Amino acid sequence: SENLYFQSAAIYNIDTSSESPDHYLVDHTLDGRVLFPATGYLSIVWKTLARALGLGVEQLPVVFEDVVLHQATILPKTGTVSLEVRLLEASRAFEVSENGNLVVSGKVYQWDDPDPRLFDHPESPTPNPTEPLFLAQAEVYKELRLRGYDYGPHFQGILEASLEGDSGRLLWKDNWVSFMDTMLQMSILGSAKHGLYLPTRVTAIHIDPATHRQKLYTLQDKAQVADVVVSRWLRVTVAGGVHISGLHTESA
Amino acid sequence: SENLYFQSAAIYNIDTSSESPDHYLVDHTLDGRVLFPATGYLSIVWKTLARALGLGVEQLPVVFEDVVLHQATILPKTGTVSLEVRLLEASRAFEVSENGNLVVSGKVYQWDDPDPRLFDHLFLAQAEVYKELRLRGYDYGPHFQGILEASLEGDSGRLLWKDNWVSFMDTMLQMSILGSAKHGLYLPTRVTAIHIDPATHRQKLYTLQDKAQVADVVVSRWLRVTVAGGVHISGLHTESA
């Protein structure tokens with residue numbers, strides 16, 4: 001036999017029913033299907049590394065590298081989806097599978113020397129050359145809906161965004177999956193491509209929970225928010241303590 | 001989400017083509033089908049524990065307890081199968097799955113200070129043994145024809161050792177089947193305990209004039225125990241199918 005060994009593994013049984021803590025996932029609909037979000041895979045891999053290290057995720061700065069999404073995961077209206085995460089033996093590589101089929105691959109590891117400066121927002125050489133006209137929340141999600149990205153309330157975290165989709169303000173509700181998804185939504189917002197494009201690859205993602213808590217601010221209505229910047233030129237989306245580099249999307 | 005954690009896992013990608021070291025598995029056919037043997041699950045679970053302990057199986061005396069076989073694994077025409085073993089976190093429990101479906105559960109653990117005393121104990125020739133088994137629906141090809149001789153009542157005999165734990169232990173299950181009063185086609189669904197001690201096994205093996213290595217096997221209905229070499233099987237339960 002060809003034998004493959006894993007230093008640790010975990011299984012996450014996902015239930016989208018009304019009373020489930022994962023009910024929020026029903027608000028992530030793309031081309032009329034409820035898709036488990038790419039950032040949900042990041043969350044369960046992060047939780048698996050945290051378990052292997054004996055840490056809480058909120059105390060675990062983490063790096064993902066060379067993430068590849070091999071297929072989409074449909075969440076049915078009724079039943080449960082079981083996603084398995086495996087950490088490869090003597091390696092930083094990980095796999096996510098469903099019913100044995102590979103869904104995600106990549107490398108994941110504890111970030112030993114978190115650099116708060118990584119989360120500084122990138123700056124152009126000169127200010128904005130055309131006058132920026134901010135779009136409100138409902139306008140943002142209209143535009144997204146028209147192109148096939150149907151986000152219900154739990155995934156509507158973009159409160160405002162620039163006309164070019166290069167800056168905005170994201171809600172924080174102590175949910176890493178939806179926060180990080182709204183960073184990907186911002187990356188999509190300013191794209192000129194037509195139709196539904198879904199993430200297939202991400203070169204690197206850095207998360208530092210301490211820097212995140214510092215970068216959050218509170219609005220007069222007590223909502224917590226973080227500012228987001230997208231540089232398509234630099235292949236970078238940054239918000240709070242999350243830095244996403246080299247997002248690639250493909251027609252779906 | 002409900003989260004389940006595992007201290008270790010391993011995936012065994014099995015190919016039964018003639019080029020593969022696992023070709024021998026094509027000789028374990030039941031009711032016309034190539035069935036992955038229950039003792040093959042024991043083998044891959046043992047190998048997974050050995051990996052976690054930094055040991056080879058030959059240095060790992062091992063106990064299985066409360067084994068439950070939830071379904072049979074019939075190999076496809078492709079002749080391939082992928083079996084995953086998970087060791088549960090902070091526990092002796094294990095799972096074997098195929099395509100996410102649970103195939104085997106139970107407990108497995110390193111046997112500290114094995115006690116060799118556990119293994120202390122007209123005929124039917126090999127061809128007659130396998131004629132009888134075939135009449136009941138058990139089709140064993142040459143790699144699984146390890147019963148050399150058996151008692152007329154099927155409660156004692158000699159088993160060949162071909163440096164194959166899977167086929168050796170399968171022939172112990174075969175002896176259990178041979179002497180049963182029920183002659184239908186039954187597959188294992190539960191085993192209360194299996195002890196394996198490679199050291200006692202090497203001591204129990206003996207060589208015949210032709211240089212073949214063998215071990216004596218005993219089946220005790222009173223005790224529901226089958227013992228051979230350094231393997232002790234207790235509480236084998238089989239059901240029809």
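We use all heavy atoms of the structure for the numbers below, so side chains are in, but hydrogens, waters and symmetry mates are not. Throughout, protein chains are lettered first and strands after them, A, B, ... in sequence-line order, and every chain is numbered starting at 1.
Contacts of residues 95-108 of chain A with chain B at a heavy-atom distance below 4.5 Å involve A/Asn99, A/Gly100, listed in sequence order. Proximity to chain B among residues 80-94 of chain A is limited to A/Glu84, A/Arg86, A/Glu89, judged by heavy-atom separations below 4.5 angstrom. Of residues 11-24 of chain B, those residues with a non-hydrogen atom less than 4.5 Å from any non-hydrogen atom of chain A are, in numerical order, B/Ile11, B/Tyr12, B/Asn13, B/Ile14, B/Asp22. Contacts between residues 148-156 of chain A and chain B, counted as heavy-atom pairs separated by less than 4.5 Å, involve no residue at all.
A distance of 11.5 Å separates CZ of A/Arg51 from CZ of B/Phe6, quoted to the nearest 0.5 Å.
The environment of B/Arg202 atom CZ is dense: over 12 non-hydrogen atoms of other residues, nucleotides or ligands sit within 6.0 angstrom. Residue A/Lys173 qualifies as open at atom NZ: its count of foreign heavy atoms under 6.0 Å is 12 or below.
For a residue to count as touching a neighbouring chain, one of its non-hydrogen atoms must lie under 4.5 Å from one of that chain's; by this rule A/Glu2 touches chain B with backbone and side chain alike.
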